[PDB]
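Enquirer: I have a structure here, written as C-alpha cells, and I will follow up with some questions on it.
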Number of protein chains: 6
Amino acid sequence: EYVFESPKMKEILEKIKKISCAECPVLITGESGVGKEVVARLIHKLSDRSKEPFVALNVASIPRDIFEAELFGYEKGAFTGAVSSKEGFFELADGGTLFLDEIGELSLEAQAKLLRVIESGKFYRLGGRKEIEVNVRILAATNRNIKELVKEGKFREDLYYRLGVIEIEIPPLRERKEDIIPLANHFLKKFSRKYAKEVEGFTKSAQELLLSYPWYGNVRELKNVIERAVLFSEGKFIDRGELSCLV
Amino acid sequence: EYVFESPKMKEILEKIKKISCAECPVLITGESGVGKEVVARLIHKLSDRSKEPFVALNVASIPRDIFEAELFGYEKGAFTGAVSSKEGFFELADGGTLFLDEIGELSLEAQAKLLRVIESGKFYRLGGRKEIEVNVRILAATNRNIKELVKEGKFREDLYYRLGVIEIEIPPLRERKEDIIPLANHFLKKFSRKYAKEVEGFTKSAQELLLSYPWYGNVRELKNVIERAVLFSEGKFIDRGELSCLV
Amino acid sequence: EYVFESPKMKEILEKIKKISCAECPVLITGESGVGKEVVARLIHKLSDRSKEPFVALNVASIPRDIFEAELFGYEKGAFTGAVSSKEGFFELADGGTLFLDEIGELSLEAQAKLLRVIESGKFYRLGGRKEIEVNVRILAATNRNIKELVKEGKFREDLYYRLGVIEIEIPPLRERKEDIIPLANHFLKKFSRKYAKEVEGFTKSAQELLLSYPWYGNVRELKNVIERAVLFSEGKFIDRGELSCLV
Amino acid sequence: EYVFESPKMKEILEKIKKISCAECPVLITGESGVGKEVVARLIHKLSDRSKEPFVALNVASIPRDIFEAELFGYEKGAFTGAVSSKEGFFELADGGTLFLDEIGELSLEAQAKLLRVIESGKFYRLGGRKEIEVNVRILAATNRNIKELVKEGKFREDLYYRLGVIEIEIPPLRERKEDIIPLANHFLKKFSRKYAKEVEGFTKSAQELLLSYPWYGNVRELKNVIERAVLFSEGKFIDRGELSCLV
Amino acid sequence: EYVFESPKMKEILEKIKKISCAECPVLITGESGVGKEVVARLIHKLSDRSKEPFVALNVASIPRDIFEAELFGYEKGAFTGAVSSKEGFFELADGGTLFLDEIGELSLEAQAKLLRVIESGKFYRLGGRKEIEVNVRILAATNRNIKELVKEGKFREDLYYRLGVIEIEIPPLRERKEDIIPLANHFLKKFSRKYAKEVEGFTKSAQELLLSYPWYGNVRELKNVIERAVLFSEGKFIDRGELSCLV
Amino acid sequence: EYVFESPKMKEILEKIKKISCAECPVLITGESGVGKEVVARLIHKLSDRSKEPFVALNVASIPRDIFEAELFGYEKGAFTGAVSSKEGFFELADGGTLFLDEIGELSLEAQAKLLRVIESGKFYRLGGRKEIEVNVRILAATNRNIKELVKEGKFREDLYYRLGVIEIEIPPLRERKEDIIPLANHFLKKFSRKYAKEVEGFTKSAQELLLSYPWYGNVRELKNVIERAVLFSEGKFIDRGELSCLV
Ligand SMILES: [Mg+2]
Ligand SMILES: [Mg+2]
Ligand SMILES: [Mg+2]
Ligand SMILES: [Mg+2]
Ligand SMILES: [Mg+2]
C-alpha cells in the first residue's frame, strides 16, 4: 500500500529491484521525511533475505561510552560485563538487514570504528580474543548533505567511498506534483479508518492548492496536515477553506 | 476552577474537546505564563486516558550523561548498570501521557535522539536486544519561537515535523482582556483563603488599572501581583493605590 | 543584636513583619555588602517556620556535572553512584526555608533546570520514577541589576516571574545616613572585646568625615575598616588622623 | 634568617606585630619576588596560631574540573567519585592558616564560588548534608595590580571587600636600596656553605653596581644572580667583572 | 661520540663543568636541532646525580586535561575512575633530574600551574592532603626566543625568573662552521657501517658547498643529508654534484 | 599486484629498490589518494621489516581529545579511560612500519606533541611511569604543498626536518596515461569476480574516453567509476555511454 508514481520515484523502484540480491553498502539521501525509511525497508522485502530479521536502529541515541560494546557485543566477564555474554546488533542482524537512520550524527571516534567492519565483515567482541565473522547487509541514510560534510571535516572521506558505492537521492516533493494527490488520498483513507470518519476525497478547488504548496516538510508534513483536516472535517469532502487556515 | 472567557481562548478550548479521542503529538507555543502546562494537563483530563498516569518532565533537568538511559531505560548492565534492569520514563508513561516542558531549551545533540521514538514509538533499552513498542501520547511546550529557531538552525527541522502534527498558538494575555478581571478575582479568593484575610473583591479604580498594564509576565506575574496585594492588604477591598506602588 | 535606624530600613522592617506568614519566594537586590543575607536569614526568624531548618547555599560553587544530582537527590542508578540513596537539598529543606545566594551568577543553561522546582515544588530523583513534592520557601539574592539583565537577554525571563513574587530593594549605605554611626559603635564594641583594647568611642572630628564617605562597599568595608582601626588604635578615642590614611 | 632593614620594610614589620592577635583576611600585593611569601609565612609565625597547621596552596595549579571538590571536600557520592570520602583543604586548615598564592590568576567564574566560604567560614561538602563551620585566617597574594583589576571588571568587587581587610603593598627592590647588600651577603654566605666555596664578600667596585641595576625581578633574580656568581667564583671576593656577563 | 670544536661550543662545554655541583634550574635556548637535548642530557652525566633518574618529557604532548594529574600525581578518587593511587613525574624524579623539552610552547594558563612547584619543589597530590616535597633538578629547552616572548607578554615573567637561573644560548651551526666538516665526517662513517657502503670522505668541491649552505635546521638536516648521500652513493667519495639536488 | 608502466614510475620504482635496506623516514607528496598508500605499503614489502606488522592510520581524522591517547596508549589511570590497557599505534607498530597519511593537514597544536616521538621513538604511556622505547620506521604522506606551508608558518619547521629525509613527488594520473588501461583492467577483474558478472574487458569506444579526461580524483574515482559501472553493467562489455554519466 505504498505509493510510487512520479517518473523519478518509479525509476528508483526499478533500481532497487536490480540490486535486491546485492550484498553491498547503500547510502540514501534526501530531505527528511521523503520516505527514505520506506526505501530501506523495501530493499529488505525485495531481496532473498526478506524472510530474515530486519533491525532498525537509531545511531544517535547510542551513548558514545558503550557504542562499541552494544554493536559488537561482549563476552562473559571482560570489564564489568557481569557473568554473561551478550550478542551485539550485528550478530542479531546476521543474515538479515541493519538499517542506520540519521547516520550523519556520529562521533569521529565512532565513525572510525565500524570502518573495518563494512568491507571485511569481521570484528572482535569487547574482551573477546576470538574473531567472529558474520554476514550483514549494511544500509545507511541521512537527511543531511553528505557531500559537504566531508569537506567540512565532520565526516571521514575514507568511510564515504565505502558507503557511497550506491547512492539513491529521493528528490523533494515540490518537484513531484504527480505524487501529491495519490499520497494525499491514501492517507485520507487511512486516517478515515482509524478515527472512523465519513470522509472520502478532495475538491478540485482544494486540489489546486495542494499542488501549489512547495512542501518543505515533504511527505511527513503532508501526512500530518491531513490528520488535522480529517479531524476537523464535517462533510464528505474537504474544501480549500478548511485548509486555508492550515497553510 | 479554570478561567476561559476571551474568544481566542474559547476556540482553543473547543479544539481540545475535538482531540479527546486523538492519540497523536501536540506542539504548544506561547509567551511565558500563558498556561502552557495547564493546557497540556487539561488535554489529558478531557481525553480517554484521563485516569492513567500523566508524566511531567522539564527535560532540561535531565543530565546529558544519563539522558539516554533514564528515558529508554536500561538492562541489568550498563558498564555498572547495577544488578537490576530499570524502566525508563517512556515505559512509565505506557498507556498514559508524557509531557516535555520547555523542550526548546534542549541541545541539538539530544533532539536527534528522540526522533524515531515520536513517530514509531519504538526503541531499544540499553544493552537490550528486544525491540520494545509502547503507546504514549506526547506533549511538548516552549516559550521560544520554535518556527524561527528551525530557520536559524538552532532546532532540528526533522524533529519539528514529527511533533508539529498539532500546533496550538496560545496568545499573550494582553490580547485577552476578558480573562483579566475574572482570573484576578479567582486568585484573590484563593489567597484570601490560604492567608486568611478579610478581602473579597476589587475596586472599580483598581480594575481599570489592571486593564492598562500589558502583563509582560502574563498570568504568572498576575498570580504573584495579587498574592503580593493580599499580604499587604488591610481592608476588604483593593484600591488603585495599593497597586500604584506595584506598577 | 542588629541595627535598624534609618527610615528606609525601618520601612523595610515593617514589610517583613507583614509577610511572616507568607509561603512565597522572595528576591533581595542591592549593592554588595548591604546586608542581603541578614535580611533573608531574618525573614526565617520572624516567620511561622522559624523553628524549622534553614538551609544556606551559595549557588555558584555547585559543579555543572552533579548540579542535577545534588539538588534533587539520586538513586543508585547514578552510574556507580555507589550502593546508597541520597537526599537532595530541596528534599532536605522540605517544610523549611532554602536560601539561594548569588542566583544571578548562573549560566542560562543552569537556570532552566531549576524552573519547574520553584513554581511547582515537584520533581524527580535521578533514576526515580515517583514524583516527589516538597514545601520550600525560596529566598534569593544577587549583586546584579536583575531588572536590566532580562532586557539584555542574559537572564531567562521565564525564571524571573517565578522568583519575582516579592521584590526588596536594599539601598546603598551612602543613602542611609542614620545607620552609619550606630553600626560603627556596634562593631567597635564587638571588636574591642575580641581584641581586648582600651578603645571606647569616636571623636566628633573623626565622625564627620566618616559620614561623608560614600561607602562603595556598603557595610562590609566599614565593618572591615573598623576591624582595621581597633587593631591600630592607641588611645581611648579615635581621631580623624587614624582614619585619614584608611580613606 | 629574614632581612628587614629599609625603613619601608620596617614599618611593615611593625604592622605585622600589631595584627599578631587578629583573625582576618590579609591581602599582599607587589611585583614578583618581593617576599610576599615570606611575609605570609612570617605573619603565621608571629601569630598565636603559629603552632597550628599552615596550608600552602597555588590556586592556579588546581584543575578547573575538580576545583569545587578539592576545596570543600566530599563524601562517598556524586562525581562517580569512587568509594572514598575525603576532607577538603579548608577543613584541613581549620583553626589554622590558609595561604593562597597568585590568587589573581583565578578565573572570574571560579572567584564567585569562594564567596560564602571566605566570609562566613561556612559551606557544604560535596554530597554532604551537614553544614560545616571552620575558623580560617585567609592569606592572599598576587603579581598584579589588584586595585586596578577591579576597575576593569576582571575581578569581583564583592570578593575584594571580603578579602581586603588588611592591605600590604610590598615595594620594589629598586625602591629598597638598604635591603640590597644585606640580602646579597646572606645569599653569598648560604650558597658558600652549600656549594663549599671560599667566597666571603664583595669588592667595593662590585657593590656599587648592585645598586645601579634596577632589579626587575626584585629579590628572586637577586638570589639567583648571587647563586650564579658563587658557582663561577674563584677567589675570596667577587668583582664587577664576574657579574658583568650576568647583569 | 660528540663533537666540540667551535669556540662558542667549547666555552659552553666549560661552563657546564663548573656547574657540576649545582642543584639549580637551567634554561637552554637556540634554533631547532642545535643539540639542546644532548646538552641537557650531558649536564646530567657530568653532575653528581648522573646515576639517578633522568626524566624526559615533551610538555606539549601532555594533554591539557590531565596535565595537572600526571605531573603532581594523584591519590584514590578525586577523578572519574582512577581506583588506584598513582605517583607523578615530579615524584618520579626525586633525587634525580627532570627535563622539560619544548617547554616554550606551553600555554600561559599552564605555565602558572608549575609556578609554586618549580622553585619550591613543593605541591599537593590530586586528592592528597599531605604536602609532598621533592628534590629535582629542572632542565628546560626551547626553539623559541624566551627572553623576547616575556616582553611580548606571551610568557609569564614570574616564571621566567624561576627557570632563568642559568641561561645557555646555543648558537646556530652557521657560526659554528668549524663544527661542520667534523660532524659530517662522523655521520658518514656511522651510516657507512650501518648501511655497509664503500664511502670514506668528501671532495673539496663538496666541502666548499657544505660551508655555503646556511643550515636553517642546524644539526638535524645535516644528519639527514649525510644519511641521504650514503644511500645513493656509488664510489668511495661524494662529490658536490650529488649534494646539488639536496641543497 | 601493482602496475608500473609510465616512465616516471619506472625510474621511481628503482629509487625504492636501492633504499630497500634503509631504515629512515620518507615523505611522499602528490594529489589526494594517489598510490601513496600503495608506494608506502610496497616499501615495507621490500624492507627487512617485511615480516613485521604494518599499521596504517589517518592522523588528521582522529579527534584532538583522544589524539594523545591513541598514539602513546594509556593505562588504567587518567581519564575516564575505563580499565582499558591498550597499546598505541606507535607501540602497536614496534619492529614494524607506521604510515601517516595527509600529515600536512594536521593542526599545529597536535604537531608539537608527536615531536619527540618521531626522532627518538621514546615516550610515556598516559599514566604510565616507565619509559618506553620502540623501533619503528616512519612513513609520511601528504596531499598538501609541504615545504611551502612551512614558509607560511602553517607547518612547524622543527618537525619538517625530522621527516624530510627522502622526498617523492609522484605524477598526477593524467600524465601517467600509459598506466590507465592496465590499471582499469585489473580492478575490472576484481569486481567481476566478487560480484560475479559477465564482464570481460573494455570496448574501444570506452577506451576513447579513458584517454582524454580531467581525472582530478586520480586513482580513486577510477575505482568508484568501475565499481559503479560494473554493478550497473548489463552486457559482456562496457561501452562509452555507461561511463559518461558517472563523470
Ligand atoms: Mg530519518
Ligand atoms: Mg512549562
Ligand atoms: Mg551576598
Ligand atoms: Mg607568590
Ligand atoms: Mg628538544
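By convention here, the chains of the C-alpha cells are called A, B, ... in the order presented, each chain's residues are numbered starting at 1, and ligands are numbered starting at 1 in the order presented.
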Over all C-alpha atoms, paired in order, superpose chain F onto chain A by least squares and report how large the RMSD is in Å.

Expert: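 Result of the CA superposition: 1.9 Å.
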
Enquirer: Find the residues near residue 123 in chain A: any atom within 10 Å, counting only C-alpha atoms, skip ones fewer than 6 places away on the same chain, and give them as JSON, numbers by chain.

Expert: {"A": [72, 73, 90, 114, 116, 117, 130, 131, 132, 133, 134]}

Enquirer: Would you save the residues from that selection as a PDB file, in the first residue's frame, using N, CA, C and O atoms?

Expert:
```pdb
ATOM      1  N   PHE A  72      29.014  -4.542  18.773  1.00  0.00           N
ATOM      2  CA  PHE A  72      29.786  -5.754  18.528  1.00  0.00           C
ATOM      3  C   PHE A  72      29.548  -6.801  19.608  1.00  0.00           C
ATOM      4  O   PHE A  72      29.953  -7.953  19.455  1.00  0.00           O
ATOM      5  N   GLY A  73      28.894  -6.406  20.696  1.00  0.00           N
ATOM      6  CA  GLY A  73      28.652  -7.325  21.791  1.00  0.00           C
ATOM      7  C   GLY A  73      29.862  -7.454  22.695  1.00  0.00           C
ATOM      8  O   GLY A  73      30.888  -6.808  22.481  1.00  0.00           O
ATOM      9  N   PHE A  90      24.950  -6.391  15.294  1.00  0.00           N
ATOM     10  CA  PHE A  90      25.373  -7.016  14.046  1.00  0.00           C
ATOM     11  C   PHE A  90      25.041  -8.500  14.033  1.00  0.00           C
ATOM     12  O   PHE A  90      24.564  -9.027  13.029  1.00  0.00           O
ATOM     13  N   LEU A 114      33.728   0.626  13.017  1.00  0.00           N
ATOM     14  CA  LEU A 114      32.742   0.171  12.030  1.00  0.00           C
ATOM     15  C   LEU A 114      33.321   0.259  10.612  1.00  0.00           C
ATOM     16  O   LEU A 114      32.814  -0.373   9.689  1.00  0.00           O
ATOM     17  N   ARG A 116      36.305  -0.834   9.673  1.00  0.00           N
ATOM     18  CA  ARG A 116      36.967  -2.113   9.456  1.00  0.00           C
ATOM     19  C   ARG A 116      35.964  -3.257   9.336  1.00  0.00           C
ATOM     20  O   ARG A 116      36.309  -4.372   8.948  1.00  0.00           O
ATOM     21  N   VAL A 117      34.716  -2.954   9.671  1.00  0.00           N
ATOM     22  CA  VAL A 117      33.617  -3.910   9.622  1.00  0.00           C
ATOM     23  C   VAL A 117      33.056  -4.087   8.215  1.00  0.00           C
ATOM     24  O   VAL A 117      32.986  -5.205   7.709  1.00  0.00           O
ATOM     25  N   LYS A 130      38.641 -14.090  20.353  1.00  0.00           N
ATOM     26  CA  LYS A 130      38.343 -14.915  19.187  1.00  0.00           C
ATOM     27  C   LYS A 130      37.569 -14.118  18.149  1.00  0.00           C
ATOM     28  O   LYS A 130      36.495 -13.593  18.432  1.00  0.00           O
ATOM     29  N   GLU A 131      38.130 -14.027  16.948  1.00  0.00           N
ATOM     30  CA  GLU A 131      37.499 -13.299  15.853  1.00  0.00           C
ATOM     31  C   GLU A 131      36.193 -13.951  15.414  1.00  0.00           C
ATOM     32  O   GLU A 131      36.131 -15.166  15.221  1.00  0.00           O
ATOM     33  N   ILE A 132      35.158 -13.131  15.264  1.00  0.00           N
ATOM     34  CA  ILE A 132      33.864 -13.594  14.775  1.00  0.00           C
ATOM     35  C   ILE A 132      33.611 -13.009  13.393  1.00  0.00           C
ATOM     36  O   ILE A 132      33.909 -11.839  13.145  1.00  0.00           O
ATOM     37  N   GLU A 133      33.067 -13.828  12.499  1.00  0.00           N
ATOM     38  CA  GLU A 133      32.710 -13.378  11.160  1.00  0.00           C
ATOM     39  C   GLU A 133      31.215 -13.573  10.959  1.00  0.00           C
ATOM     40  O   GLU A 133      30.666 -14.637  11.251  1.00  0.00           O
ATOM     41  N   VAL A 134      30.571 -12.525  10.462  1.00  0.00           N
ATOM     42  CA  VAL A 134      29.130 -12.517  10.253  1.00  0.00           C
ATOM     43  C   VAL A 134      28.774 -11.973   8.878  1.00  0.00           C
ATOM     44  O   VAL A 134      29.565 -11.260   8.258  1.00  0.00           O
TER      45      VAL A 134
END
```

Enquirer: If we count only C-alpha atoms and set the cut-off at 10 Å, which residues sit around range 181-186 of chain D, ignoring sequence neighbours fewer than 5 positions away in its own chain? Please answer as a VMD selection string.

Expert: chain D and resid 1 to 5 191 to 192 200 to 202 207 to 208 210 to 211 219 222 to 223 225 to 227

Enquirer: Using only C-alpha atoms and all ligand atoms, which protein or nucleic acid residues are at most 8 Å from ligand 5, as a compact mmCIF listing (two decimals) with N, CA and C atoms, in the first residue's frame?

Expert:
```
# COMPACT_ATOMS: atom_id res chain seq x y z
N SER E 32 66.20 25.20 16.28
CA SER E 32 65.91 23.77 16.34
C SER E 32 67.05 22.89 15.82
N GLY E 33 67.39 21.85 16.59
CA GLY E 33 68.36 20.86 16.15
C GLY E 33 69.81 21.23 16.42
N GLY E 35 71.29 20.61 19.17
CA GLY E 35 71.78 19.67 20.17
C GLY E 35 71.34 20.02 21.58
N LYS E 36 70.19 20.66 21.72
CA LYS E 36 69.70 21.05 23.04
C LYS E 36 69.42 19.85 23.94
N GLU E 37 68.94 18.76 23.36
CA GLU E 37 68.61 17.58 24.16
C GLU E 37 69.86 16.89 24.70
N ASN E 58 58.13 15.72 26.74
CA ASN E 58 57.62 16.73 25.83
C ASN E 58 56.37 17.25 26.53
N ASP E 101 61.32 19.35 27.65
CA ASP E 101 61.72 19.73 26.30
C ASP E 101 60.59 20.48 25.62
N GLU E 102 60.95 21.50 24.85
CA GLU E 102 59.98 22.30 24.12
C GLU E 102 58.99 22.93 25.09
N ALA E 141 64.31 23.42 27.69
CA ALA E 141 64.82 23.70 26.36
C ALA E 141 63.71 24.25 25.47
N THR E 142 64.08 25.09 24.52
CA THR E 142 63.11 25.63 23.57
C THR E 142 63.72 26.06 22.24
N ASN E 143 62.91 26.02 21.19
CA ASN E 143 63.32 26.54 19.89
C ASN E 143 62.81 27.97 19.71
N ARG F 116 58.76 14.60 19.86
CA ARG F 116 59.79 13.75 20.47
C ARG F 116 59.60 12.28 20.12
```

Enquirer: Looking only at helix (DSSP H, G or I) from DSSP on the backbone, list the matching residues of range 43-217 of chain C as a PyMOL selection string.

Expert: chain C and resi 43-46+67-72+89-92+103-105+108-120+146-151+157-163+173-175+180-195+204-211

Enquirer: Chain D near ligand 3 within 12 Å: what's each residue's closest atom pair and its distance in Å to one decimal, counting only C-alpha atoms and all ligand atoms, ordered by chain then ascending residue number, as JSON lines?

Expert:
```
{"residue": "D:112", "atom": "CA", "partner": "ligand 3", "partner_atom_place_in_ligand_line": "1 (Mg)", "distance": 10.5}
{"residue": "D:113", "atom": "CA", "partner": "ligand 3", "partner_atom_place_in_ligand_line": "1 (Mg)", "distance": 11.7}
{"residue": "D:114", "atom": "CA", "partner": "ligand 3", "partner_atom_place_in_ligand_line": "1 (Mg)", "distance": 11.7}
{"residue": "D:115", "atom": "CA", "partner": "ligand 3", "partner_atom_place_in_ligand_line": "1 (Mg)", "distance": 8.0}
{"residue": "D:116", "atom": "CA", "partner": "ligand 3", "partner_atom_place_in_ligand_line": "1 (Mg)", "distance": 7.6}
{"residue": "D:117", "atom": "CA", "partner": "ligand 3", "partner_atom_place_in_ligand_line": "1 (Mg)", "distance": 11.3}
{"residue": "D:118", "atom": "CA", "partner": "ligand 3", "partner_atom_place_in_ligand_line": "1 (Mg)", "distance": 11.8}
{"residue": "D:119", "atom": "CA", "partner": "ligand 3", "partner_atom_place_in_ligand_line": "1 (Mg)", "distance": 10.1}
{"residue": "D:120", "atom": "CA", "partner": "ligand 3", "partner_atom_place_in_ligand_line": "1 (Mg)", "distance": 10.7}
{"residue": "D:157", "atom": "CA", "partner": "ligand 3", "partner_atom_place_in_ligand_line": "1 (Mg)", "distance": 11.6}
{"residue": "D:158", "atom": "CA", "partner": "ligand 3", "partner_atom_place_in_ligand_line": "1 (Mg)", "distance": 8.0}
{"residue": "D:159", "atom": "CA", "partner": "ligand 3", "partner_atom_place_in_ligand_line": "1 (Mg)", "distance": 9.8}
{"residue": "D:161", "atom": "CA", "partner": "ligand 3", "partner_atom_place_in_ligand_line": "1 (Mg)", "distance": 11.4}
{"residue": "D:162", "atom": "CA", "partner": "ligand 3", "partner_atom_place_in_ligand_line": "1 (Mg)", "distance": 10.5}
```
